[PDB]
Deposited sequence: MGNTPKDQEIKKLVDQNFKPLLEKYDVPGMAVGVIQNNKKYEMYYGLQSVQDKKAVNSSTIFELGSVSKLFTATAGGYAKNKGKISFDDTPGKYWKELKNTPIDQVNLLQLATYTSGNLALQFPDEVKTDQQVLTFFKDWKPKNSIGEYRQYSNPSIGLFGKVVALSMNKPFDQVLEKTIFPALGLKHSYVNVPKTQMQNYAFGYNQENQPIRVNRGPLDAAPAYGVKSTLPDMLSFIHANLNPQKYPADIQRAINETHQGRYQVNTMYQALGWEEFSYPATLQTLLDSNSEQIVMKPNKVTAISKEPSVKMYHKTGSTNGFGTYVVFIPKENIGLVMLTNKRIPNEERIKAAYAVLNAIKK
């Protein structure tokens, strides 16, 4: 008939390639992993002016997909006994002791239920001093633990606490501990000089090339398609890893509460599988992403589940999704933002069509 690598290439061509013309995207990397086999598709240019093709070495910004690595770092520290998720941040950032934010526990920060943390840090919050002062000045609003409000500050504080508990700067926790444990050799918080030639330009909505530190746990990671597929492989096969990181990965798969059809895990969003397309689109709706929503306890603990996460920066888009019981996952990286719904729909059509 037709070899499987060609079949998957055709499906990615049918569902992802048209997005390049439709949204004027310079470069894209799409990868599928199925039964521990990797399929990689590279399109377009990492740098338009340099005529450098997207390839297996191309480095992209992950945006909020970076939180998946922060979540994994948190599970690692927890299962190593460096933190408990019932701890409060002042136990580790002592300057926050005796402040309102010291009533919020680590799980609540990691899953956005402090009750009064906005999507972004204020533009004027730049230094670690202004970050500290931002959190000491924080005051509650809604009951802590009651409302989900997607928040970069919230998981940014989580990651700072994780770094403090491991006695290392957060960038070192990832580059010296978590990335090596996961077998990722081309993933970075800070892209070294020797790799700038592989660092894609991001492109804004005029197709112009473009490119605080405590915000790095929320959106500071860069990576390649091979590394992101290895990361998806790790999430599909935690048992293939040492106990410390195996337990860390599993920690990130544990649903913590629900908002309608969405289960909030650590970093990952989780869904009963099979999931309808609308369930997946709802997780990225304005209601869920931009507004507070009352959370509810998990009632149906789904036996068969899937996970995904979108992420964006000014010049980059990312989508990652995996389905443990089908042993399948997909990564999309672009050096131009495209609508999140397009990423989800295209991935849903590929994954459902794959034999």
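Trainee: Need the unmodelled segments of the deposited chain, numbered from 1, in order.
Mentor: Residues lacking C-alpha coordinates: 1 to 2, 214 to 217, 362.
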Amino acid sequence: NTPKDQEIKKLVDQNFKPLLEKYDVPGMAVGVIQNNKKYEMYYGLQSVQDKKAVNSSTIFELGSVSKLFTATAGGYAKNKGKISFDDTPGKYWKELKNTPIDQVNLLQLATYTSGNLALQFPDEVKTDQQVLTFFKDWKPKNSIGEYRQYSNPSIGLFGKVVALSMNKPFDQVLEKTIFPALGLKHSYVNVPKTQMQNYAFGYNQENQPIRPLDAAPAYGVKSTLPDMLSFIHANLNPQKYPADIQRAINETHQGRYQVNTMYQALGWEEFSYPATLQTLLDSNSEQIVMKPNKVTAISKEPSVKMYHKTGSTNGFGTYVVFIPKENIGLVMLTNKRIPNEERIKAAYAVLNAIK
From here on, numbers count along this sequence of modelled residues.
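Trainee: If you average the Cα B factors in the entry, which is higher, 34 to 42 or 59 to 67?
Mentor: The recorded data point to 34 to 42.
Trainee: As stated in the PDB record, which stretch has the larger average Cα B-factor, 239 to 247 or 146 to 154?
Mentor: Averaged over C-alpha atoms, the B-factors run higher in 239 to 247.
Trainee: Select one of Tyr92, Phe231, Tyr263, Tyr203: the residue whose C-alpha shows the highest B-factor in the crystal structure entry.
Mentor: Answer for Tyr92, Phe231, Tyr263, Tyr203: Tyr92, with the highest C-alpha B-factor.
Trainee: Among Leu225, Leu277, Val131, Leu109, which residue carries the highest C-alpha B-factor recorded in the PDB entry?
Mentor: Comparing C-alpha B-factors across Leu225, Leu277, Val131, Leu109, the maximum falls on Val131.
Trainee: Can you work out whether the C-alpha temperature factor of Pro26 puts it in the lowest, middle or highest third of the chain?
Mentor: It belongs to the middle third of the chain when residues are ordered by C-alpha B-factor.
Trainee: Please place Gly315 in the lowest, middle or highest third of its chain according to the CA B-factor in the PDB entry.
Mentor: Within its chain, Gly315 is a lowest-third residue by C-alpha B-factor, going by the deposited values.
Trainee: Would the CA B-factor of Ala77 place it in the lowest, middle or highest third of its chain?
Mentor: It falls in the top third of the chain.
Trainee: Split into thirds by Cα B-factor across the chain's modelled residues, where does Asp282 land: lowest, middle or highest?
Mentor: Middle third, going by the recorded CA B-factors of the chain.
Trainee: Could you say whether, by C-alpha temperature factor, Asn327 belongs to the lowest, middle or highest third of its chain?
Mentor: According to the entry, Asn327 has a C-alpha B-factor in the chain's middle third.
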